[PDB]
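Engineer: only the shape, not the letters, is given here:
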Ligand SMILES: [Mg+2]
């Protein structure tokens, strides 16, 4: 932790201009669900019922505005689907925030995993146990509404992915950068939002295509790309609260890279994984005859891409990570690791 102090020292008050990450994924457009505004109104009415601190809810609604993120993740869904999808993102940010006490983390993950089993398992019960904490209580109806619009095929995936997320977060309690990177792969809750594209677009991907090596690769690359652009876009926010386990800082620590080189290395990894992913599209088992099947493969991988581009584009349109003033007229971001 002299280790800590030296990272803090080597990056304090550094200012780093970041190129528009969207440009690094040039073939993948960002779009906006056209009913975001009417959904936020309903999301606003709904949040009044959520047993979370009004001031915590508003900070998330104002600076996070996760309905806008859902609208970028699922820009082509119908508005009726937007409600549950948005509700889901408020849950995962409230829950993730409520964690960031070993005893209390263990207890909360156990209750959350139980909620997931109770809602998405084979003997469903959508009634929260009495005394449930607010971030667990709210999840019960949200998983129920999502389950109502998924096939059991997609349901089963969302169940595992959520469990994986929860258990991942329970298991986070200076790491080698590659160690940090890989556990974020088998943790971060991007893959639940790939599966929720099935809910949004009212289709199911057959397991046999999902297990195909190109499809798995595409999911892994878009998960990796989401993590990588998030490592850069969140460096300011986490450095200021001395969350020093950020891939950039960890490249600084392990390899004695400058922060500039470190960010630059992350930007190259992005470019690498973006081309790996594009190449995987050629190896997908596209059908010669089945249009609907091929329309299902297309929407699925569009959800994968939109998760990387959407995470970036949303971050460029909300204040969760930096103040939007920090963007120049080229969507370039001046990080300011001042404190
Ligand atoms: Mg982050």
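Structural biologist: Yes, it's here. Numbers count the residues shown, from 1 in each chain.
Engineer: residues in contact with the closest residue to residue 78 other than its chain neighbours?
Structural biologist: Leaving aside its sequence neighbours, residue 78 sits nearest to residue 202 (C-beta to C-beta, 6 or more residues apart in numbering; 7.8 Å). All C-beta atoms are positioned from the backbone trio N, CA, C, and that covers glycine. Listed by C-beta atoms under 8 Å, 6 or more residues apart in numbering, the contact partners of residue 202 are 77-78, 81, 149.
Engineer: near the ion too, which of these?
Structural biologist: Taking C-beta under 5 Å from the ion as the test, the ion is in contact with none of the contacts of residue 202.
Engineer: what strand or helix carries the residue nearest to residue 78?
Structural biologist: Using DSSP states H and E, residue 202 is not contained in any helix or strand.
Engineer: compute the distance between it and residue 74, please.
Structural biologist: 11 Å (C-beta to C-beta, to the nearest Å).
Engineer: next, show the common contact partners of these two.
Structural biologist: residue 81.
Engineer: what's the neighbour count on residue 188?
Structural biologist: Neighbour count of residue 188, defined by other C-beta atoms under 10 Å: 20.
Engineer: which non-adjacent residue is nearest it?
Structural biologist: Residue 188 sits nearest to residue 227 (C-beta to C-beta, 6+ apart), 5.9 Å away.
Engineer: helix/strand/coil for residue 16?
Structural biologist: Put simply, residue 16 is strand when judged by DSSP: H, G, I helix; E, B strand; the rest coil.
Engineer: got a list of what it touches?
Structural biologist: Counted by C-beta under 8 Å, 6+ apart, residue 16 has contacts 259-260, 263, 334-335, 337.
Engineer: who does it bridge with?
Structural biologist: Going by DSSP bridges, residue 16 is paired in beta bridges with residue 335.
Engineer: one step back: ChimeraX command for the buried members of the contacts of residue 202?
Structural biologist: Typed into ChimeraX, the next command selects the buried ones out of the contacts of residue 202 (criterion: 16 or more other C-beta atoms under 10 Å):
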select :77,81,149
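Engineer: same for the one helix or strand residue 43 maps to, what does it pack against?
Structural biologist: Element membership for residue 43, per DSSP H and E: helix 36-47. Judged by 3 or more C-beta pairs under 8 Å, 6 or more residues apart in numbering; DSSP states H and E, the packing partners of helix 36-47 are helix 66-73, helix 79-99.
Engineer: okay, buried residues for the longest one please.
Structural biologist: The one in question is helix 79-99. In helix 79-99, counting by 16+ other C-beta under 10 Å, buried: 81-95, 98-99.
Engineer: now do the contacts for the residue of the stretch 101-250 of the chain found nearest the ion.
Structural biologist: Residue nearest to the ion within the stretch 101-250 of the chain: residue 234 (3.6 Å; C-beta to the ion). With contact set as C-beta under 8 Å, 6+ apart, residue 234 has these partners: 246, 321.
Engineer: residue 4 reaches residue 174, doesn't it?
Structural biologist: Yes. The pair residue 4 / residue 174 is scored as a contact, 7.1 Å apart, by C-beta atoms under 8 Å.
Engineer: joint contacts of the two?
Structural biologist: residue 244.
Engineer: right, is stretch 97-114 up against the ion?
Structural biologist: No. Using C-beta under 5 Å from the ion, stretch 97-114 stays clear of the ion, with a minimum separation of 10.5 Å.
Engineer: switch to numbering from 44
Structural biologist: I'll keep to 44 as the first residue from here, and by that count the last item is stretch 140-157.
Engineer: quick check: buried residues in that stretch?
Structural biologist: 141-142, 148, 151-152, 154-156.
Engineer: give me the residues contacting that stretch.
Structural biologist: 99, 103, 138, 172, 175-176, 178-179, 182, 206, 209-210, 212-213, 216.
Engineer: helix, strand or coil for the residue lying closest to residue 229 once chain neighbours are set aside?
Structural biologist: Of all residues not flanking residue 229 in the chain, residue 211 sits nearest, at 6.3 Å (C-beta to C-beta, 6+ apart). Under the three-state scheme (three-state DSSP), residue 211 adopts helix.
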